[PDB]
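S.K.: Questions regarding the structure given below will be posed in turn.
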Amino acid sequence: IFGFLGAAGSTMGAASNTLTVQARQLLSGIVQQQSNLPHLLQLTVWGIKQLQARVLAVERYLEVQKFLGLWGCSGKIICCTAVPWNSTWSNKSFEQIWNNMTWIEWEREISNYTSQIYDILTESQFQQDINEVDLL
Amino acid sequence: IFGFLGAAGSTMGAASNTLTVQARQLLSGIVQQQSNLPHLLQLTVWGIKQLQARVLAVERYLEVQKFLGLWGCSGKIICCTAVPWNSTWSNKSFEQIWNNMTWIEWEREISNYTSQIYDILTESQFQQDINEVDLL
Amino acid sequence: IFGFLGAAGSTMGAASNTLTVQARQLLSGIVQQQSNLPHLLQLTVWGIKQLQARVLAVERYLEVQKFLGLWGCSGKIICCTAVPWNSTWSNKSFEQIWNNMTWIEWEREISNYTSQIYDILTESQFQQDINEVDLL
Amino acid sequence: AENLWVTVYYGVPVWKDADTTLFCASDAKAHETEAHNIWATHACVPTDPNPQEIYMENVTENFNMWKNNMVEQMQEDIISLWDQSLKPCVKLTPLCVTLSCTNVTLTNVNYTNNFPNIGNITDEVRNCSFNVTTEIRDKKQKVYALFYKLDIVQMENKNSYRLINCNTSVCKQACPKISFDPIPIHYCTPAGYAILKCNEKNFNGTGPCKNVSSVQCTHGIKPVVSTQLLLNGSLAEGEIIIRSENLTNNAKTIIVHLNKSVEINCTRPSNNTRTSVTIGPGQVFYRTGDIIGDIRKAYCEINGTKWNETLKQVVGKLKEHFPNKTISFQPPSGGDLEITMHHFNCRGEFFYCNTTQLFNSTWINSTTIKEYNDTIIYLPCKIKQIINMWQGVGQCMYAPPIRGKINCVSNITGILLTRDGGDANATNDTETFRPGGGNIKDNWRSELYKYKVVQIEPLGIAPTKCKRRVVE
Amino acid sequence: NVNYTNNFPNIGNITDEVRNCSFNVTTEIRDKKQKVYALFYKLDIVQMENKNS
Ligand SMILES: *[C@@H]1O[C@H](CO)[C@@H](O[C@@H]2O[C@H](CO)[C@@H](O[C@@H]3O[C@H](CO[C@H]4O[C@H](CO)[C@@H](O)[C@H](O)[C@@H]4O)[C@@H](O)[C@H](O[C@H]4O[C@H](CO)[C@@H](O)[C@H](O)[C@@H]4O[C@H]4O[C@H](CO)[C@@H](O)[C@H](O)[C@@H]4O)[C@@H]3O)[C@H](O)[C@H]2NC(C)=O)[C@H](O)[C@H]1NC(C)=O
Ligand SMILES: *[C@@H]1O[C@H](CO)[C@@H](O[C@@H]2O[C@H](CO)[C@@H](O)[C@H](O)[C@H]2NC(C)=O)[C@H](O)[C@H]1NC(C)=O
Ligand SMILES: *[C@@H]1O[C@H](CO)[C@@H](O[C@@H]2O[C@H](CO)[C@@H](O)[C@H](O)[C@H]2NC(C)=O)[C@H](O)[C@H]1NC(C)=O
Ligand SMILES: *[C@@H]1O[C@H](CO)[C@@H](O[C@@H]2O[C@H](CO)[C@@H](O)[C@H](O)[C@H]2NC(C)=O)[C@H](O)[C@H]1NC(C)=O
Ligand SMILES: *[C@@H]1O[C@H](CO)[C@@H](O[C@@H]2O[C@H](CO)[C@@H](O)[C@H](O)[C@H]2NC(C)=O)[C@H](O)[C@H]1NC(C)=O
Ligand SMILES: *[C@@H]1O[C@H](CO)[C@@H](O[C@@H]2O[C@H](CO)[C@@H](O)[C@H](O)[C@H]2NC(C)=O)[C@H](O)[C@H]1NC(C)=O
Ligand SMILES: *[C@@H]1O[C@H](CO)[C@@H](O[C@@H]2O[C@H](CO)[C@@H](O)[C@H](O)[C@H]2NC(C)=O)[C@H](O)[C@H]1NC(C)=O
Ligand SMILES: *[C@@H]1O[C@H](CO)[C@@H](O[C@@H]2O[C@H](CO)[C@@H](O)[C@H](O)[C@H]2NC(C)=O)[C@H](O)[C@H]1NC(C)=O
Ligand SMILES: *[C@@H]1O[C@H](CO)[C@@H](O[C@@H]2O[C@H](CO)[C@@H](O)[C@H](O)[C@H]2NC(C)=O)[C@H](O)[C@H]1NC(C)=O
Ligand SMILES: *[C@@H]1O[C@H](CO)[C@@H](O[C@@H]2O[C@H](CO)[C@@H](O)[C@H](O)[C@H]2NC(C)=O)[C@H](O)[C@H]1NC(C)=O
Ligand SMILES: *[C@@H]1O[C@H](CO)[C@@H](O[C@@H]2O[C@H](CO)[C@@H](O)[C@H](O)[C@H]2NC(C)=O)[C@H](O)[C@H]1NC(C)=O
Ligand SMILES: *[C@@H]1O[C@H](CO)[C@@H](O[C@@H]2O[C@H](CO)[C@@H](O)[C@H](O)[C@H]2NC(C)=O)[C@H](O)[C@H]1NC(C)=O
Ligand SMILES: *[C@@H]1O[C@H](CO)[C@@H](O[C@@H]2O[C@H](CO)[C@@H](O)[C@H](O)[C@H]2NC(C)=O)[C@H](O)[C@H]1NC(C)=O
Ligand SMILES: *[C@@H]1O[C@H](CO)[C@@H](O)[C@H](O)[C@H]1NC(C)=O
Ligand SMILES: *[C@@H]1O[C@H](CO)[C@@H](O)[C@H](O)[C@H]1NC(C)=O
Ligand SMILES: *[C@@H]1O[C@H](CO)[C@@H](O)[C@H](O)[C@H]1NC(C)=O
Ligand SMILES: *[C@@H]1O[C@H](CO)[C@@H](O)[C@H](O)[C@H]1NC(C)=O
Ligand SMILES: *[C@@H]1O[C@H](CO)[C@@H](O)[C@H](O)[C@H]1NC(C)=O
Ligand SMILES: *[C@@H]1O[C@H](CO)[C@@H](O)[C@H](O)[C@H]1NC(C)=O
Ligand SMILES: *[C@@H]1O[C@H](CO)[C@@H](O)[C@H](O)[C@H]1NC(C)=O
Ligand SMILES: *[C@@H]1O[C@H](CO)[C@@H](O)[C@H](O)[C@H]1NC(C)=O
Ligand SMILES: *[C@@H]1O[C@H](CO)[C@@H](O)[C@H](O)[C@H]1NC(C)=O
Ligand SMILES: *[C@@H]1O[C@H](CO)[C@@H](O)[C@H](O)[C@H]1NC(C)=O
Ligand SMILES: *[C@@H]1O[C@H](CO)[C@@H](O)[C@H](O)[C@H]1NC(C)=O
Ligand SMILES: *[C@@H]1O[C@H](CO)[C@@H](O)[C@H](O)[C@H]1NC(C)=O
Ligand SMILES: *[C@@H]1O[C@H](CO)[C@@H](O)[C@H](O)[C@H]1NC(C)=O
Ligand SMILES: *[C@@H]1O[C@H](CO)[C@@H](O)[C@H](O)[C@H]1NC(C)=O
Ligand SMILES: *[C@@H]1O[C@H](CO)[C@@H](O)[C@H](O)[C@H]1NC(C)=O
Ligand SMILES: *[C@@H]1O[C@H](CO)[C@@H](O)[C@H](O)[C@H]1NC(C)=O
């Protein structure tokens, strides 16, 4: 087993058995504690650098939870989608991705197209909801 | 293809084919940027309006996501439900709704009962879980 | 028929029928209003307690929504999982659990193990999602 | 059995003790008068028109007054409000000069409504006068004012005084457009918390309460400040209740909380004018011009028999905790002026009443029921201008005089007492209680004693016979 | 002071490094001045004009 980010160097297929380790630490921190001991203690130099740390944690977490909701992957860690891979984003074979690259190397390779894959994934889920409305 | 609120004047039939354009923009904003250049700049007049415009953006997103969680529609754009229309809320036909109204007029006719439709929606989802715990 | 926290004294069997009553009120509050009338009103002593009351409410809601996302119980009130209670956490019979125990007493006598049930419930869902990837 | 599985319930009624940030909320009717109060400002969000209280039937909760964190929050809020209000006001550094002070010669009507027959404001006020420079070299003009004897001190070279505060701190003159009227404040928790309120009528400070109710936030709490008696607040329900952290520790103040109010009626029968003299660029100083017309010491009336029987009931309840010892109140033994004298506020004027006819009696055996007359007790009260409300944490203040006659009618709903630690009086069984004492927090432990903040934990885990449907 | 001064490190002494400066300040009340002396290190004062001032 590994700690937070502990499998950052392992390959894509082997570092995917530790997704829950980096997914359990997106809101949990030390910042929620009040202080060592509690004028206007909320306007101290470190009373504002802690107020904006609480807000940064919320927006960072809600930034990906918004995409999971649109794509239909709410409440799931690994989510299968009905969007075919056109291989123009990357035409590497199965064994050259899951057994040869790294999650950092892979995400830098298709960083060009992630702005478009997000649009395709969102629109594909919308088409699924239209289909079931005129089906049930 | 339309932009933000671009089909607000179109009828409910044709304004419901562009729900994703008004859904991609409930958290994304310019406010996540830092500044033109980085005393106590987190207290400037322009630096307090930017703090409360980040909390407003977060809160306005959760008050619509909170309802989706209770009704069992999390992760879905169009969500069917087992709550029957009694026509006391609105006794119009199917054609007179989806071919003769825009979304703004429709939300003004049933503005009386949305406080009650929400409670009926919540109870139905709760009754789905009780009927499923004591059945499996 | 009950109010907020109205079933805190009832037995667990009869206090699980009012789950929605305590669930509708994890974001809703008086704080979201602006003021009696709109110097520097945004940094009054009570203009700061309202700012930190809004953040506390948002964070409190997101501490339970974070777990439900990992456990796979997003969009549900009573979510039935696949983790077997091994009776080491509690060996009390099914009758004694739901028929003279209250929700407060139950949480206390398993309070030693909630830190371990939470990690087990996350691992079972992750193992579910891996099994579907190499099955579909 | 052998077929149990973990099931997750979201929304269960389970809470835990926690400390939060209670914001303020006040009703609209009391405000919108555009008087710009000190404490209950406009910044408070409007309160709910129909507050909701939910009665949890089979719930017993450990309430603990004297360890409530809502009292500390209210104290910090009050201090911050008082500091914030005085910030834009006018400093009084230019008045830290040498004043030459002499007696006052007042003319008056004859009768002066001689119902109380107490005294007159002379021998308590003074003229003080000070130089101001003029055009001709070595020429000075005298500026006059009337100052109370409690605000001037004689340093050296007798017949030459100075203000009391000139060697301790700088005092800002209270701005005349702000009011000192206590408007009720409701203390409301965020979403995810609740306030448990003990509905038990005969409930002491600490212990298990078996009549808990759930409220979103408290009732109207007036921030009224007083020292010897808890004025002008909320009455008990069951009967007279005596609360203290430990009745065997004489270093702990005792709070007697009454069930029937007693009306006190404080008035200032004098005529105070007002004159403004410009100090520095753009700043002005308001001073008592003259006292023309009626002259008499300010005083408080209290119905004799009402207090005379309230004391009887308080003694009857006190003798329960001290069984075989006779109870006798005595006047305060010493201290500052806020302890020896009943300090309070009336229409912006700060009064210090004597209160010795109130608290000088003995109760031996109730051997006979002695009848008396319907009499009115008069308490002579001094007035102070340079006000140091909190000993060293608050900002000093100067209260401008208020033109006309002043009269506040108030309710007595509590008493603060302090016991004397007799050691060798094993044969001379006697207990003596002295009023006053305690800090300002004991004014708010008499209102926030019913409440306790809790935080909801709506996530629960129980074993059921559900198994999740595996998809295939 | 003591004459010997425990001259173990024999580096010197703080004479010719401090100055005994007298000035006028105001009391709590503005209108009466007073004369006060203080020992200021020579690194904290400058000589402006009118020598010995
Ligand atoms: C326990 O609780 C009780 C009740 O809450 C309280 O008794 C009441 O106290 C308040 C204030 O302490 C009293 O209210 C004031 O009353 C005077 C007298 O009013 C009579 O006389 C005037 C003529 O002078 C008439 O116009 C009037 O109709 C009455 O006949 C008023 O003069 C006061 O008015 C000021 O306050 C108003 C509300 O804020 C303003 O709208 C008004 O404009 C006045 O404000 C002026 O002065 C302010 C500074 O003070 C200044 O900031 C403003 O800009 C403006 O210039 C006020 O209404 C009330 O009479 C008491 N009730 C009774 C029955 O006597 C006790 O005091 C309290 N006990 C303790 C210890 O706190
Ligand atoms: C870093 O790279 C080395 C070399 O590839 C990894 O070591 C191998 O790991 C695999 C995975 O189980 C083993 O089968 C091999 O026996 C290991 N040794 C060699 C020489 O290949 C190492 O695991 C990588 N780091 C991490 C954290 O996975
Ligand atoms: C606004 O309403 C008008 C009619 O009230 C719409 O005009 C129709 O547009 C459709 C789509 O191009 C045509 O097929 C019809 O022939 C048009 N009818 C007329 C009478 O012109 C118009 O499209 C609506 N605007 C939007 C944005 O939908
Ligand atoms: C509080 O506890 C009492 C028990 O003393 C509950 O009263 C029982 O309720 C059950 C179910 O409604 C009945 O079958 C019993 O006959 C009742 N017993 C008595 C003596 O009344 C009461 O319901 C509880 N209240 C709450 C809100 O849970
Ligand atoms: C029903 O609940 C009651 C109490 O909640 C249980 O009875 C208690 O048993 C203990 C001994 O273990 C006694 O000390 C208590 O006095 C009992 N309670 C009362 C009110 O008398 C009982 O065990 C529960 N039912 C079952 C089947 O276990
Ligand atoms: C304080 O003393 C002064 C002077 O002794 C009083 O003011 C004078 O009052 C007399 C009335 O007989 C007038 O003739 C003078 O013109 C006043 N002098 C000034 C400078 O105004 C004042 O009344 C005294 N203060 C009181 C009585 O409260
Ligand atoms: C628990 O508290 C409630 C709330 O105060 C009590 O109900 C009160 O009962 C007295 C008895 O006559 C009435 O005078 C009050 O008016 C009632 N309250 C209200 C708000 O109306 C109740 O008696 C207490 N005890 C129990 C066992 O419930
Ligand atoms: C206020 O509390 C006192 C507490 O003593 C009550 O006085 C008692 O009243 C009962 C009812 O008749 C008598 O039996 C007792 O003898 C009284 N006690 C004493 C010491 O005399 C009083 O009734 C309460 N008043 C109200 C309005 O609640
Ligand atoms: C509070 O005291 C004042 C002053 O003594 C009372 O006002 C007087 O009431 C009498 C009626 O008996 C009138 O004759 C006087 O003219 C009033 N004085 C003034 C200055 O107006 C007032 O009634 C008392 N209030 C209470 C509740 O005791
Ligand atoms: C001072 O208090 C006494 C005691 O309450 C008042 O006398 C009462 O007057 C009412 C009038 O309706 C009678 O019913 C009571 O019986 C009286 N009390 C007693 C003990 O007999 C008196 O009125 C009060 N003073 C004023 C000026 O009202
Ligand atoms: C409150 O009033 C009483 C009685 O008027 C004061 O007690 C007197 O104080 C003087 C001052 O030293 C003594 O000489 C007397 O012996 C005391 N008793 C009497 C009966 O006069 C008391 O001092 C006043 N309160 C304050 C704080 O001064
Ligand atoms: C002083 O006490 C009197 C009597 O207890 C209060 O008058 C009552 O006030 C309550 C609500 O505060 C009303 O429901 C009653 O109808 C009033 N009774 C009468 C006879 O008027 C008075 O409000 C108290 N004063 C303050 C400032 O709270
Ligand atoms: C502080 O003030 C005093 C008096 O104002 C000064 O003492 C006089 O200073 C003048 C300046 O020219 C001399 O002519 C006098 O001879 C001084 N008289 C005495 C008795 O000292 C004093 O010099 C001032 N201090 C400074 C540093 O200027
Ligand atoms: C792959 O890319 C081509 C052109 O960039 C596009 O036509 C095609 O739709 C893409 N694949 C999918 C599944 O959209
Ligand atoms: C994958 O794409 C690259 C870039 O277009 C191309 O050079 C390469 O031949 C492609 N691989 C295959 C197997 O077609
Ligand atoms: C991605 O965009 C950059 C931006 O210029 C470009 O240089 C690069 O060739 C693109 N494609 C890849 C695979 O990096
Ligand atoms: C329709 O609304 C009315 C409003 O009171 C309600 O009573 C009724 O139950 C609703 N219809 C159904 C089928 O429940
Ligand atoms: C269709 O729309 C027009 C214009 O909005 C309206 O006047 C007409 O009544 C509608 N038809 C029906 C059947 O309601
Ligand atoms: C049952 O759960 C407890 C939790 O502490 C654990 O210690 C124990 O090993 C578990 N037993 C089995 C058989 O999994
Ligand atoms: C449950 O466990 C406790 C302690 O482990 C034991 O005392 C008790 O007898 C057990 N009860 C049953 C029914 O096994
Ligand atoms: C929980 O753990 C604590 C830790 O010492 C232990 O004292 C207690 O008995 C355990 N069980 C309960 C029900 O608290
Ligand atoms: C004031 O009271 C004193 C009491 O000694 C009395 O002698 C005097 O005549 C009264 N009136 C004046 C104007 O001093
Ligand atoms: C309060 O009274 C109850 C019962 O009268 C008692 O059990 C408890 O110890 C008392 N608490 C204090 C602090 O005296
Ligand atoms: C009180 O003083 C004023 C001047 O401030 C004067 O006009 C008035 O006659 C005096 N008496 C009364 C009862 O107002
Ligand atoms: C009642 O008051 C009178 C005078 O007002 C006093 O003498 C008497 O002692 C008081 N009652 C008791 C029981 O002390
Ligand atoms: C009080 O004194 C009496 C008489 O000496 C005695 O009987 C009693 O026990 C003592 N204590 C109490 C609580 O009454
Ligand atoms: C008043 O207090 C004094 C203080 O010693 C006391 O001697 C006296 O008995 C009390 N009562 C009366 C009526 O003087
Ligand atoms: C005072 O008491 C006496 C004693 O009986 C009585 O004669 C007199 O009338 C009473 N006076 C008043 C004003 O109550
Ligand atoms: C201090 O230093 C001076 C420098 O000239 C020297 O003369 C003197 O002896 C030293 N010691 C004392 C005690 O003055």
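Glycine gets a Cβ as well: all are built from the backbone with ideal geometry, and neighbour counts include every protein chain shown. FYI, it's all coordinate maths here, none of it is from the lab.
S.K.: What do you reckon, is C:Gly69 more than 7 Å from chain D (Cβ to nearest Cβ) and either within 22 Å of the chain's Cα centre (by Cα) or surrounded by fewer than 20 Cβ atoms within 10 Å (Cβ to Cβ) (or both)? Lay out the reasoning, then the answer.
M.R.: Details: more than 7 Å from chain D (Cβ to nearest Cβ): yes; either within 22 Å of the chain's Cα centre (by Cα) or surrounded by fewer than 20 Cβ atoms within 10 Å (Cβ to Cβ) (or both): yes.
Yes; evaluated as a whole, the condition is true for this residue.
S.K.: If I go through segment D:173-200 residue by residue, how many of them are of a type in the set (A, V, I, L, M) and in contact with a helix residue (DSSP H, G or I) (Cβ under 8 Å, 6 or more places away or on another chain)?
M.R.: Step one: list which residues in segment D:173-200 are of a type in the set (A, V, I, L, M), which gives D:174, D:178, D:183, D:185, D:191, D:194-196.
Adding the requirement that they be in contact with a helix residue (DSSP H, G or I) (Cβ under 8 Å, 6 or more places away or on another chain) leaves D:174, D:178, D:191.
The number of residues fulfilling the criteria is 3.
S.K.: Further question: Among the residues that make up segment D:448-457, is at least one of them outside any loop (DSSP other than H, G, I, E, B) and over 32 Å from the mean Cα position of the chain (by Cα)? Break it down into steps so the answer makes sense when it comes.
M.R.: Narrowing segment D:448-457 to residues outside any loop (DSSP other than H, G, I, E, B): D:451-456.
If we keep only those that are over 32 Å from the mean Cα position of the chain (by Cα) too, we end up with D:456.
Scanning segment D:448-457 turns up at least one residue that is outside any loop (DSSP other than H, G, I, E, B) and over 32 Å from the mean Cα position of the chain (by Cα).
S.K.: Applying the selection to segment D:199-214, what residues are of a type in the set (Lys, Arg) and farther than 21 Å from D:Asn259 by Cα? Reasoning before the result, please.
M.R.: Of all residues in segment D:199-214, those of a type in the set (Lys, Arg) come to D:201, D:210.
Once the filter is applied, which keeps residues that are of a type in the set (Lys, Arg) and farther than 21 Å from D:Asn259 by Cα, segment D:199-214 yields only D:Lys210.
S.K.: Still on this model: Quick one: which strands (runs of 3 or more DSSP E) sit completely within segment D:327-432 and have at least 2 residues that are within 26 Å of D:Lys312 (Cα to Cα) and away from ligand 11 (no atom under 16 Å from the Cβ)? If you could, list the steps in order and put the result at the bottom.
M.R.: Numbers: elements: D:342-346, D:349-353, D:376-384, D:404-419.
Once the strands (runs of 3 or more DSSP E) in segment D:327-432 are filtered for at least 2 residues that are within 26 Å of D:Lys312 (Cα to Cα) and away from ligand 11 (no atom under 16 Å from the Cβ), what remains is D:404-419.
Table: residues versus (1) surrounded by 13 or more Cβ atoms within 10 Å (Cβ to Cβ); (2) β-branched (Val, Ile, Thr).
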{"position": "D:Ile121", "(1), (2)": "yes, yes"}
{"position": "D:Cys128", "(1), (2)": "yes, no"}
{"position": "D:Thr133", "(1), (2)": "no, yes"}
{"position": "D:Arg137", "(1), (2)": "no, no"}
{"position": "D:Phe147", "(1), (2)": "yes, no"}
{"position": "D:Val153", "(1), (2)": "yes, yes"}
{"position": "D:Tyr161", "(1), (2)": "yes, no"}
{"position": "D:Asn165", "(1), (2)": "yes, no"}
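S.K.: In addition: If D:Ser214 satisfies all but one of (1) within 18 Å of the chain's Cα centre (by Cα); (2) within 19 Å of D:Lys450 (Cβ to Cβ); (3) among the small types (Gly, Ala, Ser), what's the number of the condition it fails?
M.R.: Single failed check for D:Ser214: (1).
S.K.: Next question. Could you list all residues from segment A:1-30 that are over 19 Å from C:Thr122 (Cα atoms) and not aliphatic (A, V, I, L, M)?
M.R.: Within segment A:1-30, A:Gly9, A:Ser10, A:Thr11, A:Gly13 meet the criteria.
S.K.: Among the residues of segment D:413-438, what is the count of those that are under 21 Å from D:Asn354 (Cβ atoms) and not hydroxyl-bearing (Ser, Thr, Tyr)? Before the answer, list the steps.
M.R.: Taking segment D:413-438 and keeping what is under 21 Å from D:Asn354 (Cβ atoms), we get D:413-418, D:420, D:432-438.
Still in the list and also not hydroxyl-bearing (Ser, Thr, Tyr): D:414-417, D:420, D:433-438.
So the count comes out to 11.
S.K.: For B:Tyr61, all conditions in the list (1) among the aromatic types (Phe, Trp, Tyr); (2) exposed (fewer than 15 other Cβ atoms within 10 Å of the Cβ); (3) closer than 24 Å to A:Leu62 by Cβ hold save one; what is the number of the exception?
M.R.: Of the numbered conditions (1) among the aromatic types (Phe, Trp, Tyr); (2) exposed (fewer than 15 other Cβ atoms within 10 Å of the Cβ); (3) closer than 24 Å to A:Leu62 by Cβ, the odd one out for B:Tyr61 is (2).
S.K.: Please enumerate the residues belonging to segment A:115-129 that are of a type in the set (A, V, I, L, M, F, W, C) and facing chain B (nearest Cβ under 7 Å). Walk me through how you get there before you give the answer.
M.R.: In the first step, residues of segment A:115-129 are kept if they are of a type in the set (A, V, I, L, M, F, W, C); the result is A:117, A:120-121, A:126.
Correct list: A:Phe126 only.
S.K.: Then there is this: For a quick check of your reading of the model, give me the residue pairs whose first member lies in segment D:227-256 and is closer than 24 Å to D:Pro182 by Cβ, whose second is within 16 Å of ligand 22 (Cβ to nearest atom), with beta-carbon atoms closer than 7 Å and at least 6 apart or on different chains.
M.R.: Pairs found: none.
S.K.: If you check D:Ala25, D:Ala18, D:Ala30, which single one turns out to be crowded, with 19+ Cβ neighbours inside 10 Å, more than 16 Å from ligand 16 (Cβ to nearest atom) and within 23 Å of C:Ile30 (Cβ to Cβ)? Break it down stepwise before answering.
M.R.: On the way: D:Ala18 fails: crowded, with 19+ Cβ neighbours inside 10 Å; D:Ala30 fails: crowded, with 19+ Cβ neighbours inside 10 Å.
Just a single option satisfies the conditions, and that option is D:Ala25.
S.K.: Take the residues of segment D:94-108 that are assigned to a loop (DSSP other than H, G, I, E, B) and surrounded by 15 or more Cβ atoms within 10 Å (Cβ to Cβ): which is farthest from the other protein chains (Cβ to nearest Cβ)? Break it down into steps so the answer makes sense when it comes.
M.R.: To start, the set of residues in segment D:94-108 that are assigned to a loop (DSSP other than H, G, I, E, B) comprises D:96-98, D:103-108.
Retained after the next criterion (residues that are surrounded by 15 or more Cβ atoms within 10 Å (Cβ to Cβ)): D:96-98, D:104, D:106, D:108.
On the way: D:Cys96: 5, D:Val97: 5, D:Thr98: 6, D:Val104: 23, D:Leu106: 29, D:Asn108: 34 Å.
The extreme case among them is D:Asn108.
S.K.: With the structure loaded, tell me whether D:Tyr111 is surrounded by 12 or more Cβ atoms within 10 Å (Cβ to Cβ) and among the aromatic types (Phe, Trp, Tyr) or whether it fails that test. Steps first, answer last, please.
M.R.: Numbers: surrounded by 12 or more Cβ atoms within 10 Å (Cβ to Cβ): no; among the aromatic types (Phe, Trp, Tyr): yes.
No: the conditions fail for D:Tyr111.
S.K.: So which strands (runs of 3 or more DSSP E) stay within segment D:191-248 end to end and still have 1 or more residues that are under 21 Å from D:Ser26 (Cβ atoms) and basic (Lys, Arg)?
M.R.: Values: elements: D:193-198, D:206-209, D:212-215, D:229-231, D:241-243.
Result: D:193-198.
S.K.: While we're here: Only one residue in C:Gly75, C:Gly13 is more than 8 Å from chain D (Cβ to nearest Cβ) and touching a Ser or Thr at 6+ places or on another chain (Cβ under 9 Å), so which one is that? Walk me through it before giving the result.
M.R.: Numbers: C:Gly13 fails: touching a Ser or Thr at 6+ places or on another chain (Cβ under 9 Å).
Within the list C:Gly75, C:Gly13, the selection yields C:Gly75.
S.K.: Exactly one condition in (1) of a type outside the set (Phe, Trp, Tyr); (2) in contact with a helix residue (DSSP H, G or I) (Cβ under 6 Å, 6 or more places away or on another chain); (3) surrounded by fewer than 17 Cβ atoms within 10 Å (Cβ to Cβ) is false for C:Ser87; which is it?
M.R.: C:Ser87 satisfies every listed condition except (2).
S.K.: So is D:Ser214 out of contact with any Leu (no Cβ under 6 Å at 6 or more places or on another chain) and buried (at least 18 other Cβ atoms within 10 Å of the Cβ) or not? Reasoning before the result, please.
M.R.: Details: out of contact with any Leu (no Cβ under 6 Å at 6 or more places or on another chain): no; buried (at least 18 other Cβ atoms within 10 Å of the Cβ): yes.
Judged against the criteria, D:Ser214 is not a match.
S.K.: List the strands (runs of 3 or more DSSP E) that sit entirely inside segment D:14-93 and contain at least 1 residues that are within 30 Å of D:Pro208 (Cα to Cα) and at the interface with chain C (Cβ under 8 Å from one of its Cβ atoms).
M.R.: On the way: elements: D:15-17, D:23-26, D:53-55, D:61-64.
Per the criteria, D:15-17, D:23-26, D:53-55.
S.K.: So, of the residues in segment C:35-66 that are facing chain A (nearest Cβ under 8 Å) and β-branched (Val, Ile, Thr), which turns out to be farthest from D:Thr41 (Cα to Cα)?
M.R.: Here the answer is C:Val58.
S.K.: Of the residues B:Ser124, B:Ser87, B:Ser111, which single one is of a type in the set (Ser, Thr, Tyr) and either farther than 21 Å from C:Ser28 by Cβ or within 16 Å of ligand 10 (Cβ to nearest atom) (or both)?
M.R.: On the way: B:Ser124 fails: either farther than 21 Å from C:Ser28 by Cβ or within 16 Å of ligand 10 (Cβ to nearest atom) (or both); B:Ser111 fails: either farther than 21 Å from C:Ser28 by Cβ or within 16 Å of ligand 10 (Cβ to nearest atom) (or both).
Just a single option satisfies the conditions, and that option is B:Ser87.
S.K.: Hey, does segment D:276-288 have a residue that's within 14 Å of another protein chain (Cβ to nearest Cβ), hydrophobic (A, V, I, L, M, F, W, C) and more than 16 Å from ligand 21 (Cβ to nearest atom)? Before you say what the answer is, go through the steps one by one.
M.R.: First, the residues of segment D:276-288 that are within 14 Å of another protein chain (Cβ to nearest Cβ): D:279-280.
Next, from what is left, pick out any that are hydrophobic (A, V, I, L, M, F, W, C): D:279.
So of that shortlist, the ones also more than 16 Å from ligand 21 (Cβ to nearest atom) come out as D:279.
Within segment D:276-288, one or more residues are within 14 Å of another protein chain (Cβ to nearest Cβ), hydrophobic (A, V, I, L, M, F, W, C) and more than 16 Å from ligand 21 (Cβ to nearest atom).
S.K.: Among what's in segment D:306-334 and is surrounded by 13 or more Cβ atoms within 10 Å (Cβ to Cβ), under 18 Å from D:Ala426 (Cβ atoms) and among the polar types (S, T, N, Q), pick the residue that is nearest to ligand 14 (Cβ to nearest atom).
M.R.: Step by step, filter segment D:306-334, then rank; the result is D:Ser328.
Every residue, every condition in (1) within 14 Å of another protein chain (Cβ to nearest Cβ); (2) surrounded by 13 or more Cβ atoms within 10 Å (Cβ to Cβ); (3) closer than 24 Å to D:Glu263 by Cβ, yes or no:
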position	(1), (2), (3)
D:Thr356	no, yes, yes
D:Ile364	no, no, no
D:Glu371	no, no, yes
D:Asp374	no, no, yes
D:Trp390	yes, yes, no
D:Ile412	no, yes, yes
D:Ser446	no, yes, yes
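S.K.: If only one of A:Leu136, A:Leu121 is surrounded by 14 or more Cβ atoms within 10 Å (Cβ to Cβ) and under 30 Å from B:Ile77 (Cα atoms), which one is it?
M.R.: Values: A:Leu136 fails: surrounded by 14 or more Cβ atoms within 10 Å (Cβ to Cβ).
Unique residue meeting the criteria: A:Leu121.
Rundown of residues vs (1) away from ligand 27 (no atom under 16 Å from the Cβ); (2) of a type in the set (S, T, N, Q); (3) within 7 Å of chain D (Cβ to nearest Cβ), yes/no style:
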{"residue": "C:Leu19", "(1), (2), (3)": "yes, no, yes"}
{"residue": "C:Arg24", "(1), (2), (3)": "yes, no, no"}
{"residue": "C:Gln33", "(1), (2), (3)": "yes, yes, yes"}
{"residue": "C:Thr81", "(1), (2), (3)": "yes, yes, yes"}
{"residue": "C:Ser90", "(1), (2), (3)": "yes, yes, no"}
{"residue": "C:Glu95", "(1), (2), (3)": "yes, no, no"}
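S.K.: Does C:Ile30 satisfy being farther than 30 Å from B:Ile130 by Cα, in contact with a helix residue (DSSP H, G or I) (Cβ under 9 Å, 6 or more places away or on another chain) and crowded, with 20+ Cβ neighbours inside 10 Å? Steps first, answer last, please.
M.R.: Working: farther than 30 Å from B:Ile130 by Cα: yes; in contact with a helix residue (DSSP H, G or I) (Cβ under 9 Å, 6 or more places away or on another chain): no; crowded, with 20+ Cβ neighbours inside 10 Å: yes.
Answer is no for this residue.
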